[PDB]
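Colleague:
Number of protein chains: 4
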Amino acid sequence: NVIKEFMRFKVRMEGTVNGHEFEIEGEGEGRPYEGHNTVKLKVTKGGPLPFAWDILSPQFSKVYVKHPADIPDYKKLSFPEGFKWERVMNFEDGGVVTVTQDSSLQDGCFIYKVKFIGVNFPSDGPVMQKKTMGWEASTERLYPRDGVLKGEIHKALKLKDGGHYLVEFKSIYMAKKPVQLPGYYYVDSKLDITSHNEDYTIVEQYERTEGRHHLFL
Amino acid sequence: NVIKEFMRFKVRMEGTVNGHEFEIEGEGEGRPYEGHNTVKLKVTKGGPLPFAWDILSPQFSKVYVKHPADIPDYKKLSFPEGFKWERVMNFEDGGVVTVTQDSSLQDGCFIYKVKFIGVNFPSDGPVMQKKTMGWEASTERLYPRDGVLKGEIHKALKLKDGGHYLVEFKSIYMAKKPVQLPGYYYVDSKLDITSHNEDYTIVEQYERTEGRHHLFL
Amino acid sequence: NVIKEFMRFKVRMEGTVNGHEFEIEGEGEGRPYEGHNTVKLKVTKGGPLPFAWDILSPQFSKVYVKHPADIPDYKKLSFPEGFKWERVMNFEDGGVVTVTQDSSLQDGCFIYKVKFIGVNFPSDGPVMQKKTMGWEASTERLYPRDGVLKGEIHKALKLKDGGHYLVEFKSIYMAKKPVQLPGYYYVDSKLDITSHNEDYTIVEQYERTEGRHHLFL
Amino acid sequence: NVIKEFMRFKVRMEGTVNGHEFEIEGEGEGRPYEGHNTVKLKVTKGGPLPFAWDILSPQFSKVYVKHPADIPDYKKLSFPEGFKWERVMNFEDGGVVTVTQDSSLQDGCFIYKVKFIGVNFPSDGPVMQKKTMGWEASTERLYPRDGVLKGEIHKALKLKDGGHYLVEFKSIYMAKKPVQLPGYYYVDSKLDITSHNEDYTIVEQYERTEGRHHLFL
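So the protein lines, in turn, are chains A, C, D and B.
PDB author numbering puts the first sequence at residues 6 to 65, 69 to 225.
PDB author numbering puts the second sequence at residues 6 to 65, 69 to 225.
PDB author numbering puts the third sequence at residues 6 to 65, 69 to 225.
PDB author numbering puts the fourth sequence at residues 6 to 65, 69 to 225.
Below is the structure:
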């Protein structure tokens with residue numbers, strides 16, 4: 006019973022976007038059984054970033073998803089050893105990102121290590137021109153496969169000139185030792201940028217995230 | 006108004022799958038403000054279908073979606089002229105379908121005409137080996153774009169031997185006269201095959217479908 | 006045997022693009038063992054088309073591909089019964105087309121029947137705004153799979169205001185009577201529009217197309 | 006000038022595939038104006054790798073492509089400063105890789121630094137089951153866009169028990185300074201594994217690669 010009602014975390018990311026290398030370090034905290042967490046990030050290398058912060062924000069904590077008692081909480085059940093997760097983001101104008109992450113627990117602190125590679129973003133598109141204004145709230149479709157947990161999302165970044173910039177997410181959640189899987193279910197999420205300095209070298213985020221069955225079941 | 010609390014519809018489909026031609030005709034009914042409708046289909050040419058009925062079932069009625077008052081009901085507003093809808097289905101083993109449809113109103117009955125082309129299904133896959141057993145309930149992400157309404161879904165067919173077979177839907181809803189569009193929102197659906205003979209030449213379906221904002225808003 | 010060194014063909018297409026229905030009829034001729042053929046097309050219904058002709062031109069004859077003696081010519085061998093072909097076109101701005109075709113033979117005359125559905129073309133993209141100026145020459149990668157022949161191409165339309173508009177082709181060629189398949193090989197093609205009236209309701213085309221092994225073999 | 010008729014290179018890769026971290030160091034040499042080069046790799050962290058080596062082999069040197077004098081050799085022109093390249097690999101069973109690379113020149117040796125993230129490979133697919141046995145020779149379609157050079161390839165791995173495993177490559181070559189771009193053209197390549205130990209912790213490769221116009225031009 007190592008996951009307490011209040012848990013902190015530390016995170017480090019090493020990333021590249023369109024050839025630009027960067028490193029980010031941060032700290033966060035939250036209420037894993039309530040579905041709330043916050044994180045504060047500093048760009049330690051490669052700042053100011055020449056692309057939109059918004060593509061990085063969902064890579065900084070699903071052990072914090074609230075689950076109903078009848079849905080196995082695969083990510084919480086994976087501790088204390090923890091889990092790895094990986095992701096594809098397919099952007100509608102041809103950008104592609106892959107992400108790989110390790111989640112562990114030491115001394116009561118979650119430790120998150122992230123690597124990120126984004127490629128093929130057009131020079132005049134909204135990522136490289138910094139035209140995005142945050143994510144809409146989203147709904148992930150999850151299911152078990154291959155002994156692990158997978159999920160997909162149709163997400164959207166709001167645009168300064170109006171309209172949306174569409175991104176498909178595909179994620180894989182992989183316990184370090186096999187633990188109990190849920191069935192077909194959904195996770196609702198809303199991620200807010202709650203603070204940032206003028207060139208996004210210091211950034212604060214809040215996420216609400218909760219799992220559930222389809223409403224018609 | 007012109008759309009009554011109870012409305013009947015007639016539908017005809019001409020299609021092809023992996024070089025196999027077929028035609029289907031049917032009749033349905035439902036309650037457009039309550040979010041449900043039913044339909045009875047007969048394969049009138051090309052039966053018995055050498056592929057899974059389930060890939061056809063979502064092409065047989070979104071004027072029937074229940075919408076809250078604060079979300080403009082674009083498809084209902086499009087009548088009496090009505091609307092056209094188009095779709096891509098991307099299957100995880102490479103099958104691809106496009107669909108085009110016309111929806112009109114004639115003497116108090118909705119009239120649906122559907123054209124369907126499905127290609128590249130593997131000979132050994134669940135579609136051509138008839139290994140599927142219905143869709144999970146689903147959730148569509150919709151937004152306005154290009155003066156029309158668009159939406160995407162991550163759907164899944166249950167496999168008879170266990171597991172899921174994954175399908176991405178992208179739809180386009182196009183009113184024949186430009187009427188009020190909604191913002192970013194979601195539609196939940198659940199489609200059930202309620203009757204079928206052994207070779208699926210006579211089939212009946214039931215769908216529940218309703219629009220809503222994201223739960224966290 | 007049945008395929009002479011000069012052969013004529015007739016073709017008919019029923020199609021839809023972004024809700025616009027049309028029909029085209031044509032007549033062609035060529036030298037199947039030499040790798041060239043020509044065709045003249047007339048829009049009989051739905052002209053003038055509200056989109057670029059170029060997306061239709063490659064749907065009007070691969071029995072005319074020149075093959076070296078050591079690569080089985082699947083499509084020629086399929087006659088007199090003939091073959092079916094299907095295809096996906098994935099356009100980089102989200103347009104998707106599927107196509108299904110039947111090829112038959114009547115005394116010296118090939119008979120081509122095509123159905124085409126194209127969806128999700130942006131209103132202001134180069135297809136709906138008629139901004140394309142023909143295809144580059146291309147190179148298809150083919151291989152046997154599932155007892156039929158498949159092939160993929162990275163193609164490109166030239167744009168009037170310079171640059172290219174990218175399209176991926178996936179094709180499936182299915183003989184109506186089992187005949188010998190080749191292994192992994194390539195087909196080079198170049199299709200030219202050689203005449204058109206102002207609104208593209210009358211068009212003539214020339215195609216050169218020849219198969220070969222990879223040059224390093 | 007700086008690119009001599011014979012050139013050596015050193016390479017290091019940091020990668021992750023399905024959660025498995027690894028590092029590889031290597032050394033190569035070749036004839037940049039003739040289109041031939043060889044490389045020798047050793048795994049230095051993470052061996053033996055739990056996946057097919059073949060997905061790594063094309064990430065180890070396009071400055072060695074032979075170009076005819078009439079096609080601008082953008083990568084050679086980029087030196088001595090050099091170029092960066094990025095890549096997406098889309099595998100037919102859902103695996104996705106992104107790659108990012110820096111190419112520089114030091115003490116008369118090219119220096120290559122690669123980062124690689126591979127995700128979503130099925131546990132029973134041919135990559136994680138090590139069921140592949142090298143690439144077919146291939147042909148890349150290249151064009152200028154957005155101030156850089158881009159290319160795509162339909163590639164294929166041979167399967168030990170027969171058949172092929174298909175993979176689409178999208179590459180982006182980004183000179184560190186704005187050196188002249190070519191037009192629409194093709195690059196043929198053939199990569200062979202020439203030596204390896206059983207667990208692929210020691211591997212030797214050879215590549216032939218040459219650029220050209222389409223053959224019909």
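Ideal Cβ placement from N, Cα and C applies to all residues, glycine included.
Going along the region 136-154 of chain C in order, which residues come within less than 7 Å of chain D, judged by CB to CB distance?
Modeller: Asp154
Colleague: Opposite A/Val195 in the DSSP bridges: which residues?
Modeller: A/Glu148, A/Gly219
Colleague: Could you round the C-beta distance between A/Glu144 and A/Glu160 to whole angstroms and report it? I think they count as a contact, below 8 Å.
Modeller: By a beta-carbon distance limit of 8 Å, A/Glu144 does not contact A/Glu160. Their separation comes to about 16 Å.
Colleague: Would D/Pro186 be called buried (16 or more neighbouring beta carbons within 10 Å of its own) or exposed?
Modeller: Using a 10 angstroms sphere on the CB of D/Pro186, the tally of other CB atoms stays under 16, which defines it as exposed.
Colleague: Taking the alpha carbon of A/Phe87 as the point to measure from, which residue in A/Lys178, A/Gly116, A/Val48 has its own alpha carbon closest?
Modeller: A/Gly116
Colleague: Along the chain, where does the alpha helix (DSSP H) containing B/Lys121 start, and where does it finish?
Modeller: Element bounds for B/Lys121: not the alpha helix (DSSP H) but the beta strand (DSSP E), 117-127.
Colleague: What do you get for B/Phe11, buried or exposed, if any count of 16 or more other CB atoms within 10 angstroms of its CB means buried?
Modeller: exposed
Colleague: Under three-state DSSP, which class holds D/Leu85?
Modeller: helix
Colleague: Using 9 Å as the threshold, is the C-beta distance between D/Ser62 and D/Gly33 below it?
Modeller: no
Colleague: Note down the Cα distance separating B/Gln137 from B/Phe56, rounded to an integer number of angstroms.
Modeller: 7 Å
Colleague: Find the residues of chain D that neighbour B/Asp196, judging by a C-beta separation of less than 9 Å, and give them in chain order.
Modeller: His222, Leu223, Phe224
Colleague: What does B/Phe27 pair with, by DSSP beta-bridge criteria?
Modeller: B/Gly20
Colleague: Identify, in the order they occur along the chain, each residue of the same chain with its Cβ nearer than 6 Å to the Cβ of B/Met141, setting aside the five sequence neighbours on each side.
Modeller: Correct list, in chain order: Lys166, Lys168.
Colleague: According to DSSP, what are the bridge partners of C/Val135?
Modeller: Bridge partners of C/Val135: none, in fact.
Colleague: Could you tell me which chain C residues have their CB closer than 7 Å to the CB of D/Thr21, listed as they occur along the chain?
Modeller: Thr108, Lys123
Colleague: Given a limit of 9 Å on CB to CB distance, which residues of the region 92-104 of chain D reach chain C?
Modeller: The region 92-104 of chain D vs chain C, Cβ under 9 Å: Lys92, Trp93, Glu94, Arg95, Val96, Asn98, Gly102, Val104.
Colleague: Find out if the Cβ-Cβ distance for the pair A/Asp110, A/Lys92 is shorter than 9 Å.
Modeller: yes
Colleague: For B/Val135, which option in B/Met18, B/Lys15, B/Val22, B/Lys9 has the closest C-alpha, if you only look at C-alpha atoms?
Modeller: With respect to the C-alpha of B/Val135, the residue from B/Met18, B/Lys15, B/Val22, B/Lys9 having the closest C-alpha is B/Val22.
Colleague: Measure from the alpha carbon of A/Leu46 to the alpha carbon of each residue in A/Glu218, A/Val122, A/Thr209, A/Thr217, then state which is nearest.
Modeller: A/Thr209
Colleague: Closest Cβ-Cβ distance between B/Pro130 and chain A: below 9 Å?
Modeller: yes
Colleague: When you compare only the Cα positions, how much space is there between C/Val96 and C/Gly24?
Modeller: 18 Å
Colleague: Could you check if residue 3 of chain D is buried or exposed, using at least 16 other CB atoms within 10 Å of its CB as the buried criterion?
Modeller: The question about residue 3 of chain D has no answer, for chain D in this structure spans 6 to 225.
Colleague: Consider the Cβ of C/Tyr38: report whether some Cβ of chain A lies at a distance smaller than 9 Å.
Modeller: Not an interface residue.
Colleague: If distances are taken between C-alpha atoms only, which option among C/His221, C/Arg153, C/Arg216 comes closest to D/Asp132?
Modeller: C/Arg153
Colleague: How is C/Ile60 classed by DSSP in three states: helix, strand or coil?
Modeller: Residue state, collapsed to three classes: helix.
Colleague: Could you work out which residue in C/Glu215, C/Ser203, C/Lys9 is closest to C/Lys84 when comparing CA atoms only?
Modeller: C/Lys9
Colleague: Could you spell out where the beta strand (DSSP E) holding A/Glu206 opens and where it closes?
Modeller: A/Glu206 -> no beta strand (DSSP E), and no H or E assigned at all.
Colleague: Throw me the rounded Cβ distance for the C/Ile180 and C/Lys15 pair, which I believe falls under 8 Å.
Modeller: With a Cβ gap of about 23 Å, C/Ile180 and C/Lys15 do not count as contacting.
Colleague: By the 7 Å beta-carbon criterion, what residues does the region 196-212 of chain C contribute toward chain D?
Modeller: none
Colleague: Check whether the Cβ atoms of D/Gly20 and D/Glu26 lie closer than 9 Å to each other.
Modeller: yes
Colleague: Within the same chain, show all residues whose beta-carbon is closer than 7 Å to that of A/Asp59, passing over the 5 residues directly before and after it, in chain order.
Modeller: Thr140, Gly142, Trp143, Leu165
Colleague: Taking the alpha-carbon of C/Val7 as reference, which of C/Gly102, C/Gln114, C/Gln213, C/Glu100 has the nearest alpha-carbon?
Modeller: C/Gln114
Colleague: If distances are taken between C-alpha atoms only, which option among A/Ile29, A/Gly40, A/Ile79, A/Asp101 comes closest to A/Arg220?
Modeller: Cα-wise, what sits closest to A/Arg220 is A/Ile79.
Colleague: Quick one: residues in its chain with C-beta nearer than 6 Å to the C-beta of C/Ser197, no 5 flanking neighbours on either side, listed in chain order?
Modeller: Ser146, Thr217
Colleague: Could you tell me the boundaries of the beta strand (DSSP E) in which A/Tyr181 lies?
Modeller: 172-183
Colleague: Comparing alpha-carbon positions, which option in D/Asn205, D/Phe224, D/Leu150, D/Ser203 lies nearest D/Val73?
Modeller: Restricting attention to D/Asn205, D/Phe224, D/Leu150, D/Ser203, the CA atom closest to the CA of D/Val73 is found in D/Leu150.
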